[PDB]
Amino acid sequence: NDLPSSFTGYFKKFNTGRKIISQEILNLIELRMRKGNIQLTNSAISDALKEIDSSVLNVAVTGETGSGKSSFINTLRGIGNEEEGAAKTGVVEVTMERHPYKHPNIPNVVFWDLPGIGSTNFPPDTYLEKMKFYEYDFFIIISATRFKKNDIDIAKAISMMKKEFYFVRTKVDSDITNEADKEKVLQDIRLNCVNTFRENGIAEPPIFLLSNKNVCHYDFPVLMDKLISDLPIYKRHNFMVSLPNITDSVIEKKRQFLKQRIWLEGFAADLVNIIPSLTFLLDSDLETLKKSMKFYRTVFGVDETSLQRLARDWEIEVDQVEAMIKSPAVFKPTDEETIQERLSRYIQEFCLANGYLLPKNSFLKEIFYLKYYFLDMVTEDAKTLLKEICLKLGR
């Protein structure tokens, strides 16, 4: 129940697949805290954060023309082929150049649309050299059918360089519709794929059947979860926040990663022995808080632009969508109450329901309790809209 134990003890609420930082680093930080190395302690936390924040992810998306590379890239960034930044889909024209696509709101996440190896006449290894294989964190190998020798030869060349790769079977929704009017058409699809793999001399590998048109369906959710799990721990945060907000589970998962960063950031800023009251609101902390709110809102898809997007799909005024959630009104000017009074209330509300999160008389600085409050609010808003977005589908 001492401070060092409370610091590491906080991460016990998140399982190994949801850790933003390794147990070895946490133990090392706790050791330094217990040894009294205040310098080394803040240095280790600060370095951990810098490594988390600066992590850049480069995903290589390959597969033959028509597989769904461009669509996959759009789907992962949560954008339509129409939106700006989209990787145009249905492009048949041959190309020999890789094309980068950054997540619209997370610059540190970059997807590379690589031309199918078949489109080029490059042998597996030359293809990888030409595509600069060394720049990628992992490869997504897409097939809309049952995979072919080219896909496996690329994977074999990738494993030989000890890089991660995932076999993704797209268009399952097509096979389902074409074989109907759901059913285990998936079972057969997966079966044909395994035969192709066994056929190419390898043990049955993991296969993700999915539809770029329905991110909430099939193996898309487990794939996104597996990508995060397999990623070196420090890279998880940045990629996790860029992922599609498909279910309450994924939303909660984003919240868990964000809560851990607030905690690290809070300890890095130094704890205090004064209760959080926000008697005064510095303009600097106010600007920081406004930036945190905008970031959280963007991450969970409840930012201005996103709410505007929903204002389209739903033939209603943006004002009405905003009325459905809470985060949009936090910084909306009002003559009836100052921002300081509002944030002071939030802190009191937060600490009453959550406590101070630390041993008696130890507290995080006020701005962090506000970040936690903002995070819960936005995550709630996200679940609210998602509830409507999905159920309103009907298909």
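When you see a residue number, it is the position in the sequence shown, counting from 1.
According to the record, no deposited residue between residue 315 and residue 316 is left without atomic coordinates. A summary of the deposited B-factors shows that, of 266-274 and 121-129, the stretch with the larger mean C-alpha value is 121-129. For the pair 99-107 and 219-227, the mean Cα B-factor is higher in 99-107. As recorded in the entry, 40 carries the highest CA temperature factor of 56, 40, 26, 52.
The maximum CA B-factor among the listed residues 186, 141, 302, 293, taken from the PDB record, is found at 186. Among the modelled residues of its chain, residue 162 has a C-alpha B-factor that falls in the highest third, as given in the PDB entry. For residue 383, the recorded CA temperature factor ranks within the middle third of the chain's modelled residues. When all modelled residues of the chain are sorted by CA temperature factor, residue 153 is found within the middle third. Residue-level temperature factors show residue 81 in the highest third of its chain, judged at the C-alpha atom. Sort the modelled residues of the chain by CA B factor and residue 242 lands in the lowest third.
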